[PDB]
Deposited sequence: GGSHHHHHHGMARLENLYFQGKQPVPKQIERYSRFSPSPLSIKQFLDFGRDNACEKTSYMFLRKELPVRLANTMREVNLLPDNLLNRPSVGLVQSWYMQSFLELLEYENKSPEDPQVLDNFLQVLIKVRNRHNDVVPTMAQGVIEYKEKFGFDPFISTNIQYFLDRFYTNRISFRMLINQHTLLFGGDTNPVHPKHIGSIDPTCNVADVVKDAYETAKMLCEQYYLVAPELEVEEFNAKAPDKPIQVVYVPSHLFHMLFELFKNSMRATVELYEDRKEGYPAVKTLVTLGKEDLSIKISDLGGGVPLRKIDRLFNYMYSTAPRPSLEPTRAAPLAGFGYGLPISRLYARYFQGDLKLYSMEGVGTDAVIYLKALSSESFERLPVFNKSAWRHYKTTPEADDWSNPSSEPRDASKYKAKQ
């Protein structure tokens, strides 16, 4: 792990949707992609591995965590073979591609395996505030890197895998230059509806409105990765449907629709999913994004928000307890402003793992406050 220290000290190179698109449409030179990836992938792995090493020992010890580490090590080492192998050889080029397939395969279970690890750790050592926020910090970073890893690999395999019959032939790798947002909204709805009907025997209807301020009558389109947007929508629709159907299961009123407003401004594409599922007290809003606080695993909301933040967007939730909840996905309207947001291992990151509890900054009441009556 001298090679890991060194790679972990390198800074990652965040790419924009624009760049992925410009590269795939106008360039699409395999050499170039190889020279980039043979280096960028070990940099990204090493940045993460260094952070997994900083985890509390009780968590580091879990077989699931140790298994993830060794998958990452195996991948890192396999990619490092390519540091001194010339692109000017169509032979190297082809093996490198196979290597990408292999590491993508090896990494397929990373998310559930890691989750397993922290579940093992929570159930065996109890839930602790300062450690909790630490794990949160870690998982956000670790899962975002995993997402970016799969992004890079998919672009290269989709572009150079030499596939005769591409599933989405007008796309650039996994990027749809004309992604119709409402269509992805309807598809995500339908697939949630299906799972909700299966178990509850009923599901609210979707209503979709659009407002394209950019140009008021045109269908809203964005340059984006449709599978990412799909994942986000599906997760929110599923939450909205569950809450709606659970609330009205003993009422006579009839189920309110789940509403979607899609809007496009100079900078933002925004998607608001509103339900009348009764809402959630403010005190619990932030826990909904905790992995370890947590029919139909408490990962849907944190992972969804990682997909949104990954290209400089965000995912926010706002409730009125007693009535309902708005969930808003914000994406960048412009591909030139949609840069990867990648965790960098440095001293700032290290400090987050090395911080011990501090006194609260702000006051806290007694759990048994003095009775002011007498």
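TODO: Compare what was deposited with what's modelled and send me the C-alpha-less stretches, numbered from 1.
DONE: Seq positions lacking coordinates: 1 to 25, 320 to 332, 335 to 336, 415 to 419.
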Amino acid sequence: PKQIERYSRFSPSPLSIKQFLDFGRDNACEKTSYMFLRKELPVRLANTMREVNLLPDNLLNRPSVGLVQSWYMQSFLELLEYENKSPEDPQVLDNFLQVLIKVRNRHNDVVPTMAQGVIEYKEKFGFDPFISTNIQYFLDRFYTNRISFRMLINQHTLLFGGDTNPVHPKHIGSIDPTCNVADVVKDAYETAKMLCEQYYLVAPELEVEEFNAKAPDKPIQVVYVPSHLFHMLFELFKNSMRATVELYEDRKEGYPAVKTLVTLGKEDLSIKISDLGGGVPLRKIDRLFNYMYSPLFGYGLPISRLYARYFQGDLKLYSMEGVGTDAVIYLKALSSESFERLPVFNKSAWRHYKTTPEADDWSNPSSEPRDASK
From here on, numbers count along this sequence of modelled residues.
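Take the two forms, superpose them, and find the largest set of C-alpha atoms that agree within 1.5 Å; that set is the rigid core.
task = Could you tell me which of the two stretches, 230 to 238 or 123 to 131, has its Cα atoms lying farther from the shown structure in 4 other deposited structures of this protein after fitting on the rigid core?
result = This comes out as 123 to 131, the stretch further from the shown form in 4 other deposited structures of this protein.
### Message
Root mean square C-alpha distance from this form after a core fit in 4 other deposited structures of this protein: higher for 164 to 172 or for 182 to 190?
### Response
Once the core is superposed, the stretch further away in 4 other deposited structures of this protein is 164 to 172.
(request) Determine, for stretches 254 to 262 and 157 to 165, which one has the higher mean CA B-factor as deposited. (result) According to the entry, 157 to 165 carries the higher average C-alpha B-factor.
May I ask you to compare 166 to 174 and 191 to 199 by their mean CA B factor in the entry and name the higher one? Between 166 to 174 and 191 to 199, it is 166 to 174.
Subject >> Candidate residues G126, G277, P226, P204, the one whose C-alpha B factor the record puts highest >> reply: Among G126, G277, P226, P204, the highest C-alpha B-factor in the entry belongs to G126.
> Which of these has the highest Cα B-factor in the record: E321, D314, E30, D326?
Replying inline: Within the set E321, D314, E30, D326, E30 shows the top C-alpha B-factor.
Third assignment of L45 from its chain's C-alpha B-factors:
It falls in the middle third of the chain.
Name the third of the chain's ranked CA B-factors that contains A213, choosing lowest, middle or highest.
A213: CA B-factor falls in the middle third of its chain.
Third of the chain's Cα B-factor distribution that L301 belongs to, per the entry
Middle third, going by the recorded CA B-factors of the chain.
Exercise. Lowest, middle or highest third of the chain for the C-alpha temperature factor of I220?
Worked result: Its C-alpha B-factor, which the entry lists for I220, ranks in the lowest third among residues of this chain.
### Task
Give the position of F237 by CA B-factor within its chain, expressed as the lowest, middle or highest third.
Its C-alpha B-factor belongs to the lowest third of this chain's values.
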